[PDB]
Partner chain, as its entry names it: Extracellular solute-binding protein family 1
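Given next, in structure tokens, is a single chain: the form deposited without the partner chain.
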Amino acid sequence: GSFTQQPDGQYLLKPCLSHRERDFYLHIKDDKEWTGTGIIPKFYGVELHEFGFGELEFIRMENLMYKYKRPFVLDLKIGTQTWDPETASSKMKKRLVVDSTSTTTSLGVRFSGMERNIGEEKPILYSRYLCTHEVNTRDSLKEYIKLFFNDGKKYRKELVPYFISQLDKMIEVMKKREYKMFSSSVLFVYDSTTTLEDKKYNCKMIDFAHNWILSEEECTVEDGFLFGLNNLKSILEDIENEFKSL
């Protein structure tokens, strides 16, 4: 909500509305395990740009859908809760209900919006709010992720291994227990006009406004992040299995 949410320019220049996202990117900046692994957007740096009477800090990162012709986008919110120690009390009844009535508390992952461009664009939009009704079980989440891989003509089964490979790299780094992340997402994207060789597909962790750096501060509550990644990987592996019957 801090910028118009739509992706054929090179960058995203995201405003720093608090310290957390910028501190996270700065903290992982020299760690090849975060920056050489391709699991978060390429981070260009924190920059000041004129704003108001002075300057506002922004994060400059890559636009993951740069030059995508027919973008497919799926945002999956990770964790067994989406509130954190700083969440405003006026938001908490809703946060608790949405967490318990989606797949968040059970799986540590939930559907959080999709866009499919099947030739008749403007594209088909799938509301993030579907998580508490249409996409409120493991089975239905699996179905909606399959729909992500449906380009309007066929299931892009050949892309699924990439996505699992990305989740593995995420799992490997998130076993280290150095950060807790709340309301962060794994963003799946591809251009349906892509071939495997074009590499116009991507799977990245995003949205670090509620990240806690455990070597610098206390965060007692659990995020269930690794649990969610493992469940999501399990769903993708089931999908690989299911796509062989095609």
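Residue numbers count along the first chain shown, from 1. Just so we're on the same page, rigid core means the largest C-alpha set that superposes within 1.5 Å between forms.
The form solved in complex with the partner chain is left out here; the points below concern that form.
Contact annotation: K42 falls outside 4.5 Å of the partner chain in the deposited complex, judged by heavy atom distances.
Within this chain, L56 lines the site of the partner chain in the deposited complex, having a heavy atom no more than 4.5 Å away.
Interface membership of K67, defined by any non-hydrogen atom within 4.5 Å of the partner chain in the deposited complex, is confirmed. In the deposited complex, the partner chain sits within 4.5 Å of a heavy atom belonging to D8. The stretch from 48 to 56, 188 to 196, 26 to 34, 217 to 225 that comes within 4.5 Å of the partner chain in the deposited complex, counting heavy atoms only, is 48 to 56. For the residues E178, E57, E62, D207, superposed on the rigid core between this form and the one not shown, a C-alpha shift of 2 angstroms or more shows up only at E57.
The two forms, fitted on the rigid core, differ between this form and the one not shown by less than 2 Å at the CA of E217. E47 is among the residues whose C-alpha shifts by 2 Å or more between this form and the one not shown once the rigid core is aligned.
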